Amino acid sequence: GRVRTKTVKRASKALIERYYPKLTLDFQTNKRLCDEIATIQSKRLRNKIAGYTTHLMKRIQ
Amino acid sequence: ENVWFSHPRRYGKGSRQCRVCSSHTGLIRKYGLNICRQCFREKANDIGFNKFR
Amino acid sequence: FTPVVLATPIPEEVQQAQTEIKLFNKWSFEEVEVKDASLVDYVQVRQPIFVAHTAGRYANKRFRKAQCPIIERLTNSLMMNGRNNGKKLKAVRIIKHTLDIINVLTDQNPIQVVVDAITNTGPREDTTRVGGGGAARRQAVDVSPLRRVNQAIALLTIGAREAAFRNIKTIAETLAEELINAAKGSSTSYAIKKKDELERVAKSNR
Amino acid sequence: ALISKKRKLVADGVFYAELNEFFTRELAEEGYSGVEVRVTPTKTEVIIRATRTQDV
Amino acid sequence: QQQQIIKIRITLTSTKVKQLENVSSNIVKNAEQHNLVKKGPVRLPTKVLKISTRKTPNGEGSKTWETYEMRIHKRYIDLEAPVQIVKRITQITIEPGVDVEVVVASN
Amino acid sequence: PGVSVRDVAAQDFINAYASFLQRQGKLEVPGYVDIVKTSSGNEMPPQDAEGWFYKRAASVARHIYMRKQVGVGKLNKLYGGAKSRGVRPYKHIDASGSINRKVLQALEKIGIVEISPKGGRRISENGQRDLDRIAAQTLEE
Amino acid sequence: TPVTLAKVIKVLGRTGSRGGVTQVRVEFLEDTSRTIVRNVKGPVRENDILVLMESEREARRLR
Amino acid sequence: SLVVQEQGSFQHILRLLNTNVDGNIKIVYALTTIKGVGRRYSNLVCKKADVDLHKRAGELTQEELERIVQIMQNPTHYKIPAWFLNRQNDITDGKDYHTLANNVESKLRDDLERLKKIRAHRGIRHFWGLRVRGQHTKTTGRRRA
Amino acid sequence: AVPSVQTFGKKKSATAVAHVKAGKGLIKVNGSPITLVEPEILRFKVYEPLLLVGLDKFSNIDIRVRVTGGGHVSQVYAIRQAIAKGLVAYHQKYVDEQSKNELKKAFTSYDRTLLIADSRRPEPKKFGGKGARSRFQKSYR
Amino acid sequence: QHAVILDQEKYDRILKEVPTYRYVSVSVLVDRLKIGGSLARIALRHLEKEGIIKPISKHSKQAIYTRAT
Amino acid sequence: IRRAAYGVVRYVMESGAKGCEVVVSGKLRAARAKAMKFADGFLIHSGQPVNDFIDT
RNA sequence: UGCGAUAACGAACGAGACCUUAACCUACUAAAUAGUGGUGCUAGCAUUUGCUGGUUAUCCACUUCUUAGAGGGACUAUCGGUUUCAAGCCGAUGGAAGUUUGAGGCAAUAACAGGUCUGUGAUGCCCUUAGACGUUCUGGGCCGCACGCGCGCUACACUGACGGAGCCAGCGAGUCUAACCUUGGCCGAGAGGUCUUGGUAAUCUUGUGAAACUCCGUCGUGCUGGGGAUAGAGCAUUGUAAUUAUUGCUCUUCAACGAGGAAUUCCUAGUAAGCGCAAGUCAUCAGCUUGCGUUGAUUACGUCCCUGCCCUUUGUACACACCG
Ligand SMILES: [Mg+2]
Ligand SMILES: [Mg+2]
Ligand SMILES: [Mg+2]
Ligand SMILES: [Mg+2]
Ligand SMILES: [Mg+2]
Ligand SMILES: [Mg+2]
Ligand SMILES: [Mg+2]
Ligand SMILES: [Mg+2]
Ligand SMILES: [Mg+2]
Ligand SMILES: [Mg+2]
Ligand SMILES: [Mg+2]
Ligand SMILES: [Mg+2]
Ligand SMILES: [Mg+2]
Ligand SMILES: [Mg+2]
Ligand SMILES: [Mg+2]
């Protein structure tokens, strides 16, 4: 039951839309820069958003 | 005066009552509360007891 | 092989277990080749165990119970009818005495007898209720190997339990008789008898 | 006072509840909004939040 | 009196962990800037006071129960400290919602 | 080669020490043996009945040895059991408070246990020596 | 009766009114490149070898 | 403390206190068939009577049977401590009797008749055939008694 | 000082703290040797870390395992975890890392819970039932 | 139905027929021969003392024996 | 009822709140009772944010 | 829920996110209310150091285990497979954890003539208001039994009963705002009594030495030594009061019950089930409930066949809505 909501997918889409000269195919690097380029209110939501961003970057590649 | 409260109510249901409404049944006396279970649900956030899990 | 001495002296009979891992301390898991094909990777040997108690996870995914060893699944099927829920220590004791009795009668390997009993009372073709009711056709379906080994364990332990109920014979020797008769193929055993009935109804209802 | 801390904190919660309902009943026209009880050493302070503080 | 250490203990009890740790950090900060010797804030197991009452006022319904609960967080600090300037700083700096008690131990 | 009563199995030691205590005959069984059940939750008196006080005393002495101090109430809780209350579900009932107590005076007369200034009974020096000697004999056989 | 050993190549899907039968496709172990679609009662996987008392019968109960 | 073999000098069903005590059953549980003798009383009597507790009640010789009967019938004299008996502080003379085979029906009937004759409520419920120990008669016992 | 590591093992609620120091081959549980652990059929559970790597890996160390919590099977599954983790920690800290890797291979190729605690925890009970999942019986009549 | 006390012919039948029993237990002595469980246990102890049957497990509630040699 | 309820709903709403909701339940000269709602703005109903930002 | 189709595009509540708990952290801050190791100091038994006992301005050091603050961690990571290379799903490896990580708490719009006026000093109206429907007291009743039904407990035993021995939890709670939790000693077969003691509690009850379970014996297929109903006599405790047995204990009486027709409930992994313990109400009384741990399976990882619910299409003379 691992479907991601629109608050994960939309935020991840916006993060790739304005931070492609940034974040890479590594979840830990994406997770660390999601603390600085965005104000995500919880650690679980930050990890979900960074993991979906990583999934979409690996998909874009 | 003669026999008005002549019956001993040192114990049992009729010894104690809710401090809010004086109800002998359904009382909670855990931690010295002496509130009935219907008024405790109303006042339980004022006592400090919160729904967590 | 070489007797090593320690401060707390480990006995020789359990120091002998460094060379080969065997059940309880006696019967090897080597040369317990499963005689019937199509049931390998569903009767689990080739990882030998010491005792038939392994508090592990097998019912979290689908086919993980085929990785539980066959002796442990046989112990686990002995913990039923309610009053024996829990009591894996009792079930492991029953299984240990069972393999003692199968070593005494018919001297060859008790693990081989248990595996032979499983492969001999797995039902090959069962039936199913086709249609939406009891009053309909019954149609024959052949059985998956995992359901074959499952029904084999269930039939052997249910026949053992009912034979051990209300008589002098203990559950270890009634189960040992069930496994011996099923391994040779006897029809004097509950599991072979029930397998014949389940196959025969499917023969008649193809 | 020699009670356990469980019963002491529970009884302070009950005292808060009783004070809060007493001020709810008393200060109805006076725009009551809440009470805070500050237990300092040697005195306790009962602070009433009310809109018509001049009427209080 | 003449800067003789007298071995007090401050017991800090509260149902609110944020303000309780504010008090604990204040006491440890004062005792470290005063160069006091201390056994630090020892945090006791939290008392989870559970009350499982019945959710309904009636009998009617599916039988639903409520676990209201209050947590008691408790800490203590040992201070081998002078008698005057430390009773001053424990007289002052009292947070609401946190109950202090100071006991002198010569055992 | 320094054998204590931890290097001997509990059943083997308690059997050997009970047979030793009965053979040497000093422990002064209380006279209400063979008429007494050993627990309220118990249903029948012990099936040994020529003895069994020596085995209760050996188990108590080994218990006192392996703990620091054990009193009559801890002994009653240890030897008490599930009471078959008939039509009602079972319940833990503490054992006979006279038997464990009289075991404790019986061992204190023969010098196994001691008055233990923090409470119940410790094991005395002589009792520690005795239990270690039967522990060595139980292995070396 | 010469029973035949057949290896599951393709698991087609689950039918039965109750949902308890799986249609699979089996290649015979001896004389392979001979696929028949056959019903299976219990839990069946890929590569699962199973015994058949007929080599000539299909699974006609689907969708 | 060692096991021993044996041989069969045995005799079958035997009469004792007007009760056919059966053979082929160990003596404590053979004496249980006597009314007023249970399992505790049997164990205590076979202990006071110097009876081996293992010997099947037909291996037991008639001198031992006579000692067993004497201890059952006169139990205070053989140091059975009268908290262990039935009719402690009896009803009418204050003695401590243990009541035996045909007499426990007689004393039960005698005390039910005493409770009926006094007109006590327990005697009246005994007369009517209802439950006397304060049970709820609404639901249970709804076939007999 | 003496080379000593301190580890622990866990079943459901049974914690076993092992103290593996350099010694002469000694293995003790809670005061007593590894040959008497009770229960007797689960003695090969606590023998499993001993017989997987060989006893010559244990001939140079003294292990003392203090176990609390749990029950008679959870404590055994904590003993074997404590012993295996203690030997692995000792061969990490003092013996070579390539020796640790062979030991860890021998343990995890046999049973993962020799080194890794079982993560299965008791689910809470909820109202209207007697367990986590099962409910009371409903009637309709 | 079960001879719970031992006469000489049943003793002679035990000492003759427990040899050639492959597996000897309580239930074997209660079924194949006609003594109770009590004499089955006493007989098992006596015959492994005399050395005609050898133990395999010797557990309470399940005693497993085999012929000598 | 509507006048008072809207008069506090918009008073809350332009006192600087994300949202407000007034529910009035009861009867008025009528043998039948109805509950009517008066909402304005953004509200939440589930979660710890109710304990955070919702005042009831 | 999202992908996708697309006269829709972009949003809000609900879901999710959130919070509490459980699981990992030899990484941080520490602790005589937790523990460990040496030993300031000892001390015992067996030996040639194993097992212990005891003192923290009448020792030192440490935090692995324990506790609780702040954090870290998982995001289905990585790699295959598959799907329209889309959301996703499946497998393997790694991992403390890959079932929304397990479990809950909160939980929208619309309703129901659902339950509650007998929870309240919540309440309209009505009734009664001094031979009261107020209040108190005395005694009884709520327990009354030809019977029908529902939730359970105990069972029908040898995978067991009995006895002896072994021996292990976790969630709790507890009195000076008066007698609560009670260790230890002594008496008592037992229930209990009595002299003291610790505890306002990570300190003491309490290592709740729990039960199931394990080992060794007695039984031995017999309604038996399964079962413990009914009933008799006695001893205690609580209480002003125990009779209609409050409950506890001892002896005795030893009933149906030989695994249950038609039917029907609950359940997918530390789960079902077995097992006791604590709390609730409690002066006394748990066969109940809420929780907690102990032991721990079989079977599916699916389908719409039954039942219920939802959605779409269709019909309607229904809209008080088929009880039309
Ligand atoms: Mg006492
Ligand atoms: Mg359960
Ligand atoms: Mg929301
Ligand atoms: Mg939510
Ligand atoms: Mg469209
Ligand atoms: Mg730590
Ligand atoms: Mg209505
Ligand atoms: Mg009421
Ligand atoms: Mg009255
Ligand atoms: Mg009623
Ligand atoms: Mg027992
Ligand atoms: Mg504990
Ligand atoms: Mg009552
Ligand atoms: Mg209670
Ligand atoms: Mg109730």
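The numbers here are math on the coordinates, done by the rules we state, and not lab data. So basically every Cβ, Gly included, is an ideal-geometry build from the backbone, and we count neighbours across all protein chains shown.
Observations on the model:
- Within chain D, percent of DSSP bridges classed antiparallel, to nearest 5: 100
- Placing dummy labels 7 Å off each Cα toward the beta-carbon, the span from A:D35 to E:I92 is 3.7 nm.
- Signed unit charges on C-beta, dipole axis of chain G, positive-most listed residue G:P2, G:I49, G:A59: G:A59
- Backbone HN-Hα couplings from phi across region K:50-56 [Karplus 6.51/-1.76/1.60, Hz, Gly and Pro as x]: 5, 5, 7, 10, 8, 10, 10
- Between E:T46 and I:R141, the modelled label-to-label distance comes to 5.0 nm, taking each label 7 Å out from Cα in the direction of the beta carbon.
- The modelled label-to-label distance between I:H19 and C:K203, using points 7 Å beyond Cα along the C-beta direction, is 7.0 nm.
- Across peptide I:41-47, the average count of Cβ atoms from other chains found within 10 Å of a residue's Cβ is 6.
- Gap separating the Cα centres of region D:14-46 and region G:1-45, nearest whole Å: 77
- Here's how it looks for G:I49: its modeled amide H is under 5 Å from those of G:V8, which are all 5 or more places away or on a different chain.
- Neighbour-limited loop hits for chymotrypsin sites (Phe, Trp or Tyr not before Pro), chain D (at most 11 other Cβ within 10 Å; DSSP other than H, G, I, E, B): none
- Cβ-Cβ FRET estimate between I:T68 and H:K117, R0 fixed at 45 Å, reported to 0.05: 0.10
- Estimated from the Cβ-Cβ distance and a Förster radius of 35 angstrom, the FRET efficiency linking A:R59 and K:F53 is about 0.40.
- Cα-Cα over 30 Å, subset of H:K35/H:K117; B:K13/F:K83; C:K22/G:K7; F:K83/H:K116; C:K61/G:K10; H:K48/H:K107: B:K13/F:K83; C:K22/G:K7; F:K83/H:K116
- Distance from the alpha carbon centroid of region I:49-75 to that of chain B works out to 55 angstrom.
- Rounded to the nearest Hz, the phi-derived 3J(HN,Hα) couplings of region I:127-141 under the Karplus curve 6.51 cos²θ - 1.76 cosθ + 1.60 (θ = phi - 60°) are 6, x, x, 10, x, 5, 9, 6, 10, 5, 7, 9, 10, 6, 9, where x marks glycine and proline.
- Total formal charge among the other residues, if their Cβ is under 12 angstrom from that of C:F63, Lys/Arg +1 and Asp/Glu -1: +3
- Cα gyration tensor shape of region D:7-56, rounded if a/c is under 1.5, else prolate or oblate by comparing a/b with b/c: oblate
- Between amide H atoms placed 1.01 Å from N, distances below 5 Å from I:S32 occur with no residue 5 or more places distant or on a separate chain.
- Among G:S17, C:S144, a tally of other beta-carbon atoms within 10 Å of each Cβ gives an order, fewest to most, of G:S17, C:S144.
- Note on C:136-148: average number of Cβ atoms from other chains within 10 Å of each residue's Cβ is 6.
- Counted by neighbouring Cβ atoms within 10 Å, the residues C:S186, J:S60, K:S15 run from fewest to most as J:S60, K:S15, C:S186.
- Inter-chain neighbour count for E:65-73: the average number of beta-carbon atoms from partner chains within 10 Å of each residue's beta-carbon is 6.
- Annotation note: trypsin sites (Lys or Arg not before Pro) in region C:59-102 located in DSSP loop regions with a Cβ neighbour count of at most 11 within 10 Å are C:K61, C:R62, C:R83.
- Think of it as helices only: each DSSP H run of n ≥ 4 in chain C is worth -39500 (n - 2.57), and spread over all residues that comes to -13500 deg cm²/dmol at 222 nm.
- Gyration tensor (alpha-carbon) shape descriptor, chain A, a/c threshold 1.5: rounded
- Of the chymotrypsin sites (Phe, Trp or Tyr not before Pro) found in region I:71-127, those in coil by DSSP whose Cβ has at most 16 other Cβ atoms within 10 Å are I:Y94, I:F127.
- Cβ crowding within 10 Å, taken as a proxy for footprinting-reagent exposure, orders G:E27, I:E48 from fewest neighbours to most as G:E27, I:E48.
- For the pair F:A10 and J:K61, a Förster radius of 22 Å applied to the C-beta separation gives a FRET efficiency near 0.65, rounded to the nearest 0.05.
- Summary of packing: across the peptides C:194-204, B:10-20, I:20-30, the per-residue average of other C-beta atoms within 10 Å ranks them, highest first, as I:20-30, C:194-204, B:10-20.
- A helix-only calculation puts chain H at -9500 deg cm²/dmol for mean residue ellipticity at 222 nm, using -39500 (n - 2.57) for each DSSP H run of at least four residues, averaged over all residues.
- Centre-to-centre separation between the Cα atoms of region E:52-75 and those of region F:30-66: 48 Å.
- Couplings for region H:119-124, taken from phi via the Karplus curve 6.51 cos²θ - 1.76 cosθ + 1.60 with θ = phi - 60°, read 6, 7, 5, 5, x, 5 Hz in order; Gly and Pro are left as x.
- Here is how the number arises for chain F: DSSP H runs of 4 or more residues each give -39500 (n - 2.57), the sum is divided by the residue count, and the result at 222 nm is -14500 deg cm²/dmol.
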